[PDB]
């Protein structure tokens, strides 16, 4: 199969279950919403080695937010609902309560799990807390130096998906990166998904375990490394390919991960010099969710 002359390999991405909380952050302007959302979701590329897996889902319009202010939806992800609450508390308390002009609202109002993060945050006000109602929502006011920090009582969390992905093979590093850049921008327009790696993009890649250093949990997949492809006789890097980037995608449900993969791939293949689109998996042996590339189109 080819889109724009670019081979889409008949394979699938293997994705795992993960606990995902959705938080709406509003602020005085877009810039300040984005500043807080970025800080809150930093140091969160992969939960296998980071405190969490987090990122920006989409920009929120003034027309859809409880307070009518510009905002940013973020997702924060961990394996356990407990470590998720701990992350919501450390990240929202230390990076959003402390950020200029922010309010936090529940991104998953209908979720069965509801961590009472707004409630727990109010105590920082040390007696000066207030309770008010924004658009039918139970919100605590927390007087701080800037004014009132507004936090809705609960943050919703569900079981979603981590590790939907696709690989971009390019003739040069900057060809592949530009494809990846165009893919992440498109996915950042879509609801339900995040791309937790730096700028949304995996530069490294990974195989489970190791060949030489068996103590390590994960290592570079030598078969996807362009610079050593002539030493690696089962290499996935052709002679006309000099770089691969991967886009890792997390999301609330299967259909939102698929929409992100489809849109991202179609954006990626618009860059001249892209040689192949593929995806990473583990055989069917680990991940429950399997996104077949060909079924997207």
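Residue numbers count along the first chain shown, from 1.
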Between 130-138 and 217-225, which has the higher average C-alpha B-factor in the PDB entry? 130-138
Per the entry, higher mean C-alpha B factor between 288-296 and 3-11: 288-296
Quick one: which of 57, 240, 233, 64 has the biggest Cα B-factor according to the entry? 233
Which listed residue, 198, 93, 109, 170, has the largest C-alpha temperature factor in the record? 109
Assert third(CA B-factor, residue 143) within chain per record equals highest
Quick check on the deposited entry: does the C-alpha B-factor of residue 48 sit in the lowest, middle or highest third of its chain? highest
When the modelled residues of the chain are sorted by Cα temperature factor, does residue 189 land in the lowest, middle or highest third? lowest
Split into thirds by Cα B-factor across the chain's modelled residues, where does residue 177 land: lowest, middle or highest? lowest
C-alpha B factor of residue 73, ranked within the chain: lowest, middle or highest third? lowest
